[PDB]
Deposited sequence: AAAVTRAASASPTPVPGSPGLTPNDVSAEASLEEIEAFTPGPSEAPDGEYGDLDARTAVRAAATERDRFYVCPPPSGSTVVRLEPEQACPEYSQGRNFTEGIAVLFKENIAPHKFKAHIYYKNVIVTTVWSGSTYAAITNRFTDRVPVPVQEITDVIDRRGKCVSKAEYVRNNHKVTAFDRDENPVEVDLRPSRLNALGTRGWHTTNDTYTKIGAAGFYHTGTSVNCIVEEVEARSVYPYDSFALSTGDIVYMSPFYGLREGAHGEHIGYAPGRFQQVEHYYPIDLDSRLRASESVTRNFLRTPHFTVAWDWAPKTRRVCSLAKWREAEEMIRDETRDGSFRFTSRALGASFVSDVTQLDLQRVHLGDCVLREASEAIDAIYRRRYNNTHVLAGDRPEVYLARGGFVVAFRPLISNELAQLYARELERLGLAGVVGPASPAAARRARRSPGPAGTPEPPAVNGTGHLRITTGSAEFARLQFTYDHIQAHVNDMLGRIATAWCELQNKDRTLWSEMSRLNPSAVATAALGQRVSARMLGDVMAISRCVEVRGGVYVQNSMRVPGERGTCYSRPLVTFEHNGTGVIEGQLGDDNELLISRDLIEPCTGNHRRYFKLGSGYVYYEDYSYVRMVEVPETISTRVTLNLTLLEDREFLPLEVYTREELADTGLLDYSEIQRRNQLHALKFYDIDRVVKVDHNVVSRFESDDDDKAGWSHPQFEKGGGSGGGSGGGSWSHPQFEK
C-alpha cells in the first residue's frame, strides 16, 4: 500500500481538467466553400504564316557591254624592250551597236568612239581600220558567268632601237552580270564591282519615271518588245521584254525592266504554323502559340492594315498560297477555313502573323517600318506559359481536393465530438481542453498543468469492497489550494479530481498505463515496474517531396562574334591596312633631293 513518484517531461506534462460550465460554448466549424479555378480556356484553331523583315537585297540578272582599251608604250633598246606605260580603260558600247551588231550578228566593231575629258576620242584595235569582229566565248565560261570577247591579244608595237613605240589594243567585252539592290533601291551594283546610280525599276512608262536616276536623260533608253538572244546558240527567246539600257562613261549595262511592287517586298516568309492556336484568355491581346515552332507571339486584338507597310504586297499573296496548300493537305475533310481571307497582325519583336481560323464541319453547320531581331523571347514565352498553365491547373486541382477532403472528413469529426468532445476540441484548439456536449454545442474549459509532484498508488483494489477494483491507477497530487487530492490516472496524462473509474476485478489482469514520458506496469491490480513501450503502429502515409535543384546556366555560344567575322576569303579593312603601308614600308617617302 506504498507509492511511486511519477516523472513528467516538457511534452509529457500532467493536467487537471476543471469542469466546463456553459461560460464558453462552441460549435464545430461547418464545411467550407471550395476554391473553383479556371476550368476551360478560350481559343481559336487555325493556320498561320509568319513573316519577318526582309533583310536580303533585290537580286536580278543583267549584261555589261564595254570595250577594254589598253595602250602600251614600249621603249625598244639594243637587246631588250621595256614597258614605259600600259594605260587601261573600259569604254561603253553604244545601244545602236548592241542591238544592230552584237544581237544581230554576234559581232562587235574593232574601234571605240567615246567621250573623255569632254573631248570626243577614238581607239582602234591594232592601230588599224574598223572591222566587225566575232564575239567568242571565254574558256572560263560557266553558268551565270558567261563572257564573250573579240581578241585574246593585246597589241604592242615592235620597233627600231632608240625609239618609243605606242600600240593600241581594243577588246570588245560582253559579260553576264549579277545585280543587287539594297533598300530604298535608288542604286544597284554589278558582280564587276560597278555601282549604277539609278533605280533598277526606273522606266519611262507611268509610275516607273518617279524613281531615282543619277544620270542625264540621254545616257538612258528603254527598248520595248525586245526579244533577247543567246550569244552562244544564236537563238532568240520566245517572250519579249522591256529592256533598260544605261550608258555610263565606262560601260553600257542592260537589264529587264520590271515594276517595283511585283519584284520587291519589305517582308519575307519565315515559317508556316500548320496547327497555330490563337489564345484569347488574356484581354486586349492575342497569343499565337505554335507547338511545331515552340514559340508564342503576342499581338493586339486589332489587325495590321498592310497599307501602312511600304511594299507589303507579298504578305497576303504568299500567306493565302501556303494556308490554302496546308488546308488541302491537312484539314480538307475535317474542317473549313474562315472569312474568305487570312487575318493579319503585328506581333511583338517585328513578326507579322497571317492567321486564318479553322472551322470544324460540325461547328460550320501612319506609315510602318517593321524591324525584326531574334525570336528568342517567343520561345521563352512558349516554355514559361506551357509550364505555368500546367502547374497552375494541377495546384488548383490539389487545392480543391484538399478542401473537398476536409469537408467530407467533417462527418468523422462531428461523430467524434458527440462521444469525445474533449479530444476533438484539444485537436482543434491545439491545447489541452475539457469539453461537454450541452445538446448540440460543446462547453469548453481549459486544462491546467499539475506542477506539484505526483505519486502512483501500488494497489487498484476498492478499500472496503472485494470483487470491485479501480479500472485505472490511483494518484496523489497538488492542485490549486488543497495540498493533497485523492485522484485517478486518466487518459494521456490527465489526473482526475475524483476516483470513480471502476470495474469488477478479473483474473490474469495485465495493464500498461501512460505516465509521463513512459508507462506504468500493473499486474493483478498491483504496481510492478515502470516499463517502456518501444513498439509502435502507424496509420500515416509517407509523402516524400524533394526540391527542384539549383541549375547554373553559363554563357554558351556555338560561334563567337570573332568566328562569324572570320569566315571570308578576304577582309577589306585588313587588306587596306597592309596595302596602304606599302609606300612607307618599302620606300623613304620623307627624303628630299637638294
| task | Map the modelled residues onto the deposited sequence and report the uncovered stretches in sequence order. | result | 1 to 55, 421 to 464, 694 to 739
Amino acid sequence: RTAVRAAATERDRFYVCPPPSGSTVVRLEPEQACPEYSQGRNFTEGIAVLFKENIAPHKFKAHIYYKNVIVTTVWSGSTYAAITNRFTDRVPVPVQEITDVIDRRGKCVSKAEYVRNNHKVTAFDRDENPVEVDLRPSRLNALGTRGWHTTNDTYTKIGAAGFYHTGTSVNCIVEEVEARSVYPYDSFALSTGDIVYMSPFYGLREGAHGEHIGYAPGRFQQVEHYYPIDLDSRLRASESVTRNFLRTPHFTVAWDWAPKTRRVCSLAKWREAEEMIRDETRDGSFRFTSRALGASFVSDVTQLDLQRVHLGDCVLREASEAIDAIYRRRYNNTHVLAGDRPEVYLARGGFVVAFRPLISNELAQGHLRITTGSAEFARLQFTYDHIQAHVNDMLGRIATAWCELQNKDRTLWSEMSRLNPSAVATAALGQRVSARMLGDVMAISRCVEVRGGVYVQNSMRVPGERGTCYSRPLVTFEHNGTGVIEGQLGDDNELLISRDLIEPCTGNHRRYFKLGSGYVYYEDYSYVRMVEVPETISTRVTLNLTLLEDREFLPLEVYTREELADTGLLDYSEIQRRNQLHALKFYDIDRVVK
From here on, numbers count along this sequence of modelled residues.
| remark: Between 86 to 94 and 497 to 505, the record assigns the higher mean Cα B factor to 497 to 505
| task | Going by the average Cα B-factor in the PDB entry, point out whether 104 to 112 or 377 to 385 comes out higher. | result | 104 to 112
| remark: In this crystal structure's PDB entry, the residue among 443, 223, 405, 469 with the greatest CA B factor is 469
| remark: Max C-alpha B-factor within the set 544, 560, 32, 39 falls on 39
| remark: residue 350: C-alpha B-factor third of its chain, per the entry, is the lowest
| message | Quick check for you: using the entry's CA B-factors within this chain, is residue 11 in the lowest, middle or highest third? | response | highest
| Modelled-residue ranking by C-alpha temperature factor, third containing residue 230 | lowest
| request: Quick one: classify residue 430 as lowest, middle or highest third of the chain based on its Cα B-factor. | output: lowest
| task | Would you mind checking where the Cα B-factor of residue 251 ranks among the modelled residues of its chain, as the lowest, middle or highest third? | result | lowest
